[PDB]
Structure formats: C-alpha cells, structure tokens
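Let me begin by presenting the structure, written as structure tokens, before commenting on it.
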Amino acid sequence: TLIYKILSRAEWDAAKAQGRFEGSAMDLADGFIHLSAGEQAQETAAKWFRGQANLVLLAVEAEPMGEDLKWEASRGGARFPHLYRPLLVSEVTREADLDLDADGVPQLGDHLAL
C-alpha cells in the first residue's frame, strides 16, 4: 500500500540536506506527519495546496514503516496514515514534480494511476 506526502520543493530539498523530512508547519504543530492513501490524496491536494507552484509528491510504501505509522479515522470517517516520526529520505519509493489545473489544484491523477 503506497501512501503519499505533498510538500514544497523547498521543504523537500531541506529534508534531503538532513536525510529526513520532519514535517510541514502543520505536521510539526500536530505532532505527526499527515500523509494520504491514494484514494484520499487528490482531495488532500485540492484542500490544502491550491495555487502552490513547485510542489513535490512523495510516494511511500506503508507496509515496512512500522509502529510509528498509525492509521487514524479522520476526514469523512476514512482512516488516514499518520507518521509519528520523521520520514526518512530513503523511505521514499519515488517522487514527482506536480503541475496545477486551471483552478490551481495540483494534478495527482497520472501519478496515482502508477
């Protein structure tokens, strides 16, 4: 099961300079890194990242993550993957630079189809 994280290019480069991503401002505030399962990802992008250019999508295999990866019932009653530890750069299976629609919404369609 692949889970996803959307973040700014600046934050992703900063993470690679550290060897791991500790979280966005919101993640840090909440105490965990907000990730989305494939079927929840596009809505997450439409809700929190509108109009943001240079975003990057990180795809992560959930199975080997361990105890710090907790699935918690959240938006619409769906269980969202929450990581209670930094995301290692090595745990990213693949990344991709995102483009926006005419409404400023990042397009995840093609990447989720992989």
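By convention in this document, the chains of the structure tokens carry letters A, B, ... by their order, each chain's residues are numbered from 1, and ligands are numbered from 1 in the order they are shown.
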Give me, as a list in words, all polymer residues having an atom no more than 9 Å from residue A:69, counting only C-alpha atoms and skipping those fewer than 4 positions away in the same chain.
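Once the adjacent positions are removed, what remains is residues 62, 65, 81, 82, 83, 84 and 85 of chain A.
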List every residue of stretch 45-86 of chain A that has an atom at most 8 Å from any atom of stretch 8-27 of chain A, and for each one report the closest atom pair and its distance in Å to one decimal, counting only C-alpha atoms, with rows sorted by chain and then by increasing residue number, as a tab-separated table.
residue	atom	partner	partner_atom	distance
A:54	CA	A:9	CA	5.7
A:55	CA	A:8	CA	4.5
A:56	CA	A:9	CA	5.8
A:85	CA	A:22	CA	7.3
A:86	CA	A:22	CA	4.4
Find the residue from A:90, A:97, A:76, A:41 that sits nearest to residue A:113; use only C-alpha atoms when measuring.
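Checking each candidate against residue A:113, we get A:41 as the closest.
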Using Å and a single decimal, report how far atom CA of residue A:35 sits from atom CA of residue A:88.
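Computing it gives 13.7 Å between the two atoms.
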Within 9 Å of residue A:58 using only C-alpha atoms, minus same-chain residues under 4 positions, as a VMD selection string:
chain A and resid 3 to 7 92 to 96
Which of A:57, A:50, A:114, A:72 sits closest to residue A:102 [using only C-alpha atoms]:
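Counting only C-alpha atoms, the residue closest to residue A:102 is A:50.
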